[PDB]
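# Got an experimental structure here, sequence first:
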6 protein chains.
Amino acid sequence: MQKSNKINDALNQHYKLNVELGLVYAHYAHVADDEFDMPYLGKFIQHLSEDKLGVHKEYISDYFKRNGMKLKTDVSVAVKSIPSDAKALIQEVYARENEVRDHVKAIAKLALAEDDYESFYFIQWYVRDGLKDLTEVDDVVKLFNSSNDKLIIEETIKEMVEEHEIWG
Amino acid sequence: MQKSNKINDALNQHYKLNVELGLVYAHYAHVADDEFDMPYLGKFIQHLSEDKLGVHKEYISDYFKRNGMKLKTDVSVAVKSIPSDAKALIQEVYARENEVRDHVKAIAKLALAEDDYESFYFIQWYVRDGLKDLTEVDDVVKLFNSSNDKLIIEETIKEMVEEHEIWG
Amino acid sequence: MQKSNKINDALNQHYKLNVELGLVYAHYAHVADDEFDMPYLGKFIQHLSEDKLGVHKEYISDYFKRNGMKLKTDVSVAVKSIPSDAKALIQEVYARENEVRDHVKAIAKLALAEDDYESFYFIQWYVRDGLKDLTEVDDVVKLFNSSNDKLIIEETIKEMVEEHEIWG
Amino acid sequence: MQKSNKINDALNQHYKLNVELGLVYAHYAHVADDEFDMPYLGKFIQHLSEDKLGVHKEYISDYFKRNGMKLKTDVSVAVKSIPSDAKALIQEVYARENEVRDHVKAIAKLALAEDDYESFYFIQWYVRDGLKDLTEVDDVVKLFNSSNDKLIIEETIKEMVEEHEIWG
Amino acid sequence: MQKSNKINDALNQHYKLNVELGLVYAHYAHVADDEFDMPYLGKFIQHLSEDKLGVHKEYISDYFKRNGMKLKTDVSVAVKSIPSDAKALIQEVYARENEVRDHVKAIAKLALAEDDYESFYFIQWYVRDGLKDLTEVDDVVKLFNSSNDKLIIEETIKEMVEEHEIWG
Amino acid sequence: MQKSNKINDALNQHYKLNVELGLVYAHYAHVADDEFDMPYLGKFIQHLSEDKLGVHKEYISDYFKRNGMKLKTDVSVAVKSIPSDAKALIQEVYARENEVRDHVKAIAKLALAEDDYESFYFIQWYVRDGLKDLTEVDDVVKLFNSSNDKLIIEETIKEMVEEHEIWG
Ligand SMILES: [Cl-]
Ligand SMILES: [Cl-]
Ligand SMILES: [Cl-]
Ligand SMILES: [Cl-]
Ligand SMILES: [Cl-]
Ligand SMILES: [Cl-]
Ligand SMILES: [Cl-]
Ligand SMILES: [Cl-]
Ligand SMILES: [Cl-]
Ligand SMILES: [Cl-]
Ligand SMILES: [Cl-]
Ligand SMILES: [Cl-]
Ligand SMILES: [Cl-]
Ligand SMILES: [Cl-]
Ligand SMILES: [Cl-]
Ligand SMILES: [Cl-]
Ligand SMILES: [Cl-]
Ligand SMILES: [Cl-]
Ligand SMILES: [Cl-]
Ligand SMILES: [Cl-]
Ligand SMILES: [Cl-]
Ligand SMILES: [Cl-]
Ligand SMILES: [Cl-]
Ligand SMILES: [Cl-]
Ligand SMILES: [Fe+3]
Ligand SMILES: [Fe+3]
Ligand SMILES: [Fe+3]
Ligand SMILES: [Fe+3]
Ligand SMILES: [Fe+3]
Ligand SMILES: [Fe+3]
Ligand SMILES: [Fe+3]
Ligand SMILES: [Fe+3]
Ligand SMILES: [Fe+3]
Ligand SMILES: [Fe+3]
Ligand SMILES: [Fe+3]
Ligand SMILES: [Fe+3]
Ligand SMILES: [Fe+3]
Ligand SMILES: [Fe+3]
Ligand SMILES: [Fe+3]
Ligand SMILES: [Fe+3]
Ligand SMILES: [Fe+3]
Ligand SMILES: [Fe+3]
Ligand SMILES: [Fe+3]
Ligand SMILES: [Fe+3]
Ligand SMILES: [Fe+3]
Ligand SMILES: [Fe+3]
Ligand SMILES: [Fe+3]
Ligand SMILES: [Fe+3]
Ligand SMILES: [Fe+3]
Ligand SMILES: [Fe+3]
Ligand SMILES: [Fe+3]
Ligand SMILES: [Fe+3]
Ligand SMILES: [Fe+3]
Ligand SMILES: [Fe+3]
Ligand SMILES: [Fe+3]
Ligand SMILES: [Fe+3]
Ligand SMILES: [Fe+3]
Ligand SMILES: [Fe+3]
Ligand SMILES: [Fe+3]
Ligand SMILES: [Fe+3]
Ligand SMILES: [Fe+3]
Ligand SMILES: [Fe+3]
Ligand SMILES: [Fe+3]
Ligand SMILES: [Fe+3]
Ligand SMILES: [Fe+3]
Ligand SMILES: [Fe+3]
Ligand SMILES: [Fe+3]
Ligand SMILES: [Fe+3]
Ligand SMILES: [Fe+3]
Ligand SMILES: [Fe+3]
Ligand SMILES: [Fe+3]
Ligand SMILES: [Fe+3]
Ligand SMILES: [Fe+3]
Ligand SMILES: [Fe+3]
Ligand SMILES: [Fe+3]
Ligand SMILES: [Fe+3]
Ligand SMILES: [Fe+3]
Ligand SMILES: [Fe+3]
Ligand SMILES: [Fe+3]
Ligand SMILES: [Fe+3]
Ligand SMILES: [Fe+3]
Ligand SMILES: [Fe+3]
Ligand SMILES: [Fe+3]
Ligand SMILES: [Fe+3]
Ligand SMILES: [Mg+2]
Ligand SMILES: [Mg+2]
Ligand SMILES: [Mg+2]
Ligand SMILES: [Mg+2]
Ligand SMILES: [Mg+2]
Ligand SMILES: [Mg+2]
């Protein structure tokens, strides 16, 4: 029952992505409220920041404790440019969440290639959450194409931040 | 009522410290439970990680929204070596918390030098919390000098993780 | 423990400002609802009027009772011109609240220059409230730049008038 | 249904009286507790200050919103001399409240002279309150003629500040 | 983050003052009830004795535990003369409480001179309480100038011994 | 029914002992937690400090009020040396409590020699409490001879600080 080093590597990479994405999202949330005058969009992005810097990373660490895998902490992130407006901020978040889905697929494929069924089981959570988080972000992006009034959008977002049988 | 760039710089530096310290503490918490077989010490360090990556950073961002100061996100951290044992892990945390106190003092001094009384008010929270957090860490360090049995220490720590009128 | 006459003067000046600002705000609230057809903006300005003519002045009087300082009542205010629209009404309120912050800073500086630490303690409330009140006003100003529909703005304001750990 | 300019003038004058009387009463309340060592008399005068700077002025503004009358804000008040003792302080309040009654009578007379029955209806509140407020003040004045002991008077006043079918 | 020896000295001095003042107040409370036949005045002075020998001293000790400062216990007090009457007993208490305020100011000044912002934070409690305790004592002193009947005064004091947003 | 001057003297001496012992115990409690890293032992000694500086002294003062005896306040205490360890700290407390018992016996003997049966009745409380307090202290001393692990002792003490039909 020796741990897979490839899976160990891939999951340390996912830990990093989650840490760094959450830090970018914290800045993006600040910018939503401060510069773009959209506090509820900020609360949405802040809640996603906390999701990435919380359970998304913690489950990897917990799993590692259980199987012998080593946790690595190497984090480098800088927000050097901000999107121009709020539509583009949420569109950037979307693209980053679609990339999460790609990364998770690769891990699942690797687990099966490695006959690591515990790792294939563990990553099902992230397979499901990849679509859940993408859908939540997609719901907000759409509002920017349904209304040209920031305060309507803001009112719709505040009802969003106030489980599906499959997608959680 | 123009914002101080020195104070802006100093507080962006404190944001970074908090982010990075919290990430080191997350790794240290993992190591406490996994390698040093001390789960309750890990819960203590995890709760401190979440304090640093939460309110400690968020208050700076909130303050910036209110005053015009710019938030910067530039984070670089790597855990390249781990302390040898649990005593030394909590002693490293202590040293890092004593350095927090030094950094906070400098900000308070600067605020007064700048006649930025809103910033002197805002940092009182961190002045107080510098001693509070240091004391919490100090209480754990002491246990390692009061007992040579990991499980006694663990039992004492679990009652610690289950407000002072001045120190919060 | 003799009272500072400079601090006495400065705080009698702050009492006057608060009385007079509250009276201007009462008129401005009336104008918001009557002429600009924005009743919820009026309730916001009325609540700020009552804040200025209440606790803001009362705490100064209470403090004076406790320390020997003399209260002076000399009030002169006339609303001779009204802003053209609602955006400009809330922008005028903003400017007047930013000036409050300047005045409070001066008092805090003076207290420290005078070694009047009771007065430096007493004014911390106003240091904090200077930013709190400015932020509340800033939140409303922003709405006028996020929507060109008075009734959307009105709906957003009514959820605002229906404590932060630092800013109160 | 065009608004009466005479009634508009008279009611803007009553608004001013109420604002200014309330400000004098706030100072007088401070003096009662601080200099005359009578805190409960101060609470009585403070409650009358808040009555004058609250409902007494607000109803005029509300009425104006409803009928087209213009609100004017021109306030000038200075407390340049204080009565010598507490008896005389409450006797001054009395005289000022008896003058309120005269002013209200004039408004009622004018409304009838103008065939402004909405204004005659609106001022009935102030006709009634003119006697109510005068009676409350009269009850306190009497105590100063019933006892030569400040603390007896104070004890009687504190039970006063802890509706008649006609007088409200 | 080395502790200030001057601040250590000054706070050991404040500990002593509090211990000794509380012991004088215990005797003074006894004298109020026994010799001056004023039991409620005694309960007031006893509650102040317990305040000085409790939180006032304990917070200093707690603070010392947290920062490395050394507690010293050197106490010398003797009540060799008693004031002649009750008015003078409460007037002596007043003078001793006004001196507390002077001593606390000096500590705050020293903390700022020393750039000891933790100590400046810790002493804010005592800055505030210096005025609070003085005001409580002042309220009783006044009664002796408002009535020449011990039992009226006693009745007023018993309602006093049966938080302000700023002064606690 | 004239009061005994010998009993008056002896009870003024017991008042002094209680005041001074309580002050030594407050320092000893501080040392237990700070230097000896034993917070629960400190809470035990702090509770004994408060017992001595509270009821133990107050009952003497109350008794004096009732019988004509004069209270004297002459207090001199300095903690010039601290015991080396925690065992010795609690052993010093023990010795001081055994001496309390001797002193109380003398008072009881004197009361009977003086035919002061009210004083013999009053001191029964202290006769009983002499053994009660000694037993409480004895229970802690024993722990230091039952375990060589500070944290076991600490855990046992914390269940002690979380009435016998005879001994109270
Ligand atoms: Cl870079
Ligand atoms: Cl935007
Ligand atoms: Cl995409
Ligand atoms: Cl693969
Ligand atoms: Cl590296
Ligand atoms: Cl270990
Ligand atoms: Cl260190
Ligand atoms: Cl500086
Ligand atoms: Cl004018
Ligand atoms: Cl408008
Ligand atoms: Cl402005
Ligand atoms: Cl200045
Ligand atoms: Cl004038
Ligand atoms: Cl008077
Ligand atoms: Cl009259
Ligand atoms: Cl007429
Ligand atoms: Cl002497
Ligand atoms: Cl007397
Ligand atoms: Cl004095
Ligand atoms: Cl100094
Ligand atoms: Cl000595
Ligand atoms: Cl020890
Ligand atoms: Cl012994
Ligand atoms: Cl004998
Ligand atoms: Fe906001
Ligand atoms: Fe969610
Ligand atoms: Fe765009
Ligand atoms: Fe998620
Ligand atoms: Fe809605
Ligand atoms: Fe809803
Ligand atoms: Fe809702
Ligand atoms: Fe809804
Ligand atoms: Fe809704
Ligand atoms: Fe709903
Ligand atoms: Fe576990
Ligand atoms: Fe905590
Ligand atoms: Fe070691
Ligand atoms: Fe903290
Ligand atoms: Fe246990
Ligand atoms: Fe427990
Ligand atoms: Fe438990
Ligand atoms: Fe327990
Ligand atoms: Fe337990
Ligand atoms: Fe418990
Ligand atoms: Fe309306
Ligand atoms: Fe408010
Ligand atoms: Fe405009
Ligand atoms: Fe305010
Ligand atoms: Fe709505
Ligand atoms: Fe709502
Ligand atoms: Fe609602
Ligand atoms: Fe709603
Ligand atoms: Fe709604
Ligand atoms: Fe709501
Ligand atoms: Fe008062
Ligand atoms: Fe009333
Ligand atoms: Fe007179
Ligand atoms: Fe009225
Ligand atoms: Fe009564
Ligand atoms: Fe009653
Ligand atoms: Fe009552
Ligand atoms: Fe009653
Ligand atoms: Fe009563
Ligand atoms: Fe009653
Ligand atoms: Fe009694
Ligand atoms: Fe109190
Ligand atoms: Fe006298
Ligand atoms: Fe106090
Ligand atoms: Fe009564
Ligand atoms: Fe009562
Ligand atoms: Fe009562
Ligand atoms: Fe009562
Ligand atoms: Fe009563
Ligand atoms: Fe009551
Ligand atoms: Fe502790
Ligand atoms: Fe006990
Ligand atoms: Fe030993
Ligand atoms: Fe006892
Ligand atoms: Fe236990
Ligand atoms: Fe238990
Ligand atoms: Fe328990
Ligand atoms: Fe238990
Ligand atoms: Fe237990
Ligand atoms: Fe139990
Ligand atoms: Mg295969
Ligand atoms: Mg300067
Ligand atoms: Mg200076
Ligand atoms: Mg007619
Ligand atoms: Mg300096
Ligand atoms: Mg015999």
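Looks like it arrived, so ask away. Numbers count the residues shown, from 1 in each chain, chains lettered A, B, ... in the order given. Ligands and ions are numbered 1, 2, ... in the order given.
# okay, CA-based contacts and neighbour counts for the rest of this
Will do.
# all helices for chain A, in order.
In chain order, chain A shows helices spanning A:5-34, A:39-52, A:55-67, A:86-113, A:117-146, A:150-160, with DSSP state H as the criterion.
# right, so of those, which gets closest to ligand 10?
helix A:150-160 (17.3 Å; C-alpha to the ion).
# Which residues of chain A lie near ligand 16?
Taking C-alpha under 5 Å from the ion as the criterion, ligand 16 has no neighbours within chain A.
# How about the residues of chain A by ligand 4?
Near ligand 4, when you scan chain A using C-alpha under 5 Å from the ion, you find A:109-110.
# For chain A, which residue gets nearest to ligand 4?
For chain A and ligand 4, the shortest gap (C-alpha to the ion) falls at residue A:110, measuring 3.7 Å.
# Number of residues surrounding that residue?
Burial measure for residue A:110: 18 neighbouring residues, criterion other C-alpha atoms under 10 Å in any protein chain shown.
# for it, what are its contacts?
Taking C-alpha atoms under 8 Å, 6 or more residues apart in numbering or on different chains as the criterion, residue A:110 is in contact with A:6-7.
# now it: how far from ligand 2?
Residue A:110 is 41 Å from ligand 2, where distance means C-alpha to the ion, to the nearest Å.
# Look up how far residue A:72 lies from that residue.
19 Å (C-alpha to C-alpha, to the nearest Å).
# do the same with residue A:46
Taking C-alpha to C-alpha as the criterion, residue A:46 is separated from residue A:72 by 25 Å.
# and these two? which has more neighbours close in?
Between residue A:46 and residue A:72, counted using other C-alpha under 10 Å, residue A:46 has the larger neighbour count: 21 against 18.
# Now do the contacts for residue A:10.
residue A:107.
# Residue A:125: neighbour count?
Around residue A:125 sit 15 other residues, with neighbours defined as other C-alpha under 10 Å.
# how far away is it from chain B?
Here the criterion is C-alpha to the nearest C-alpha, to the nearest Å. By it, residue A:125 lies 21 Å from chain B.
# How about residue A:93?
If you measure residue A:93 against chain B using C-alpha to the nearest C-alpha, the figure is 17 Å.
# Over to residue A:31?
The span separating residue A:31 from chain B equals 9 Å under the rule C-alpha to the nearest C-alpha.
# contacting residues for the nearest residue to that residue once chain neighbours are set aside?
Spatially, and ignoring its direct neighbours in sequence, residue A:31 is nearest to residue A:42 (7.6 Å; C-alpha to C-alpha, 6 or more residues apart in numbering or on different chains). Residue A:42 makes contact with A:28-33 under the criterion C-alpha under 8 Å, 6+ apart.
# Next, format those residues as a markdown table and append neighbour count and distance to residue D:128.
Output for the contacts of residue A:42, formatted as a markdown table (neighbours: other C-alpha atoms under 10 Å in any protein chain shown; distance: C-alpha to C-alpha, whole Å):
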| residue | neighbour count | distance to residue D:128 |
| --- | --- | --- |
| A:28 | 26 | 60 |
| A:29 | 27 | 57 |
| A:30 | 27 | 55 |
| A:31 | 25 | 56 |
| A:32 | 23 | 55 |
| A:33 | 19 | 51 |
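# quick one: which of these is nearest residue E:122?
Of all these, residue E:122 sits closest to residue A:30, with 32.6 Å by C-alpha to C-alpha.
# That closest one is in contact with residue B:61, isn't it?
Yes - proximity of residue A:30 to residue B:61 meets the contact threshold set by C-alpha atoms under 8 Å, at 6.8 Å.
# who touches both of those two?
Contact criterion C-alpha under 8 Å, 6+ apart; no residue bridges residue A:30 and residue B:61 by contacting each.
# could you dump stretch A:43-62 to PDB, C-alpha only?
Extracted C-alpha coordinates of stretch A:43-62, given in PDB (Å, rounded to 0.1, in the frame of the first residue of the first chain):
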ATOM      1  CA  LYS A  43     -18.900  38.800  -0.700                       C
ATOM      2  CA  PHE A  44     -19.300  36.200  -3.300                       C
ATOM      3  CA  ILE A  45     -15.600  36.300  -4.200                       C
ATOM      4  CA  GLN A  46     -14.600  36.300  -0.600                       C
ATOM      5  CA  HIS A  47     -16.600  33.200   0.100                       C
ATOM      6  CA  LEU A  48     -14.900  31.500  -2.800                       C
ATOM      7  CA  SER A  49     -11.500  32.700  -1.400                       C
ATOM      8  CA  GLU A  50     -12.300  31.100   1.900                       C
ATOM      9  CA  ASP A  51     -13.500  27.900   0.200                       C
ATOM     10  CA  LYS A  52     -10.100  27.600  -1.600                       C
ATOM     11  CA  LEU A  53      -8.000  28.400   1.400                       C
ATOM     12  CA  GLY A  54     -10.100  26.200   3.600                       C
ATOM     13  CA  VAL A  55     -11.600  22.900   2.800                       C
ATOM     14  CA  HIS A  56     -10.000  22.600  -0.600                       C
ATOM     15  CA  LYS A  57      -6.500  22.700   0.900                       C
ATOM     16  CA  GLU A  58      -7.400  21.000   4.200                       C
ATOM     17  CA  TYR A  59      -8.700  17.900   2.700                       C
ATOM     18  CA  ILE A  60      -5.500  17.400   0.900                       C
ATOM     19  CA  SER A  61      -3.500  17.800   4.100                       C
ATOM     20  CA  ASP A  62      -5.800  15.400   6.000                       C
END
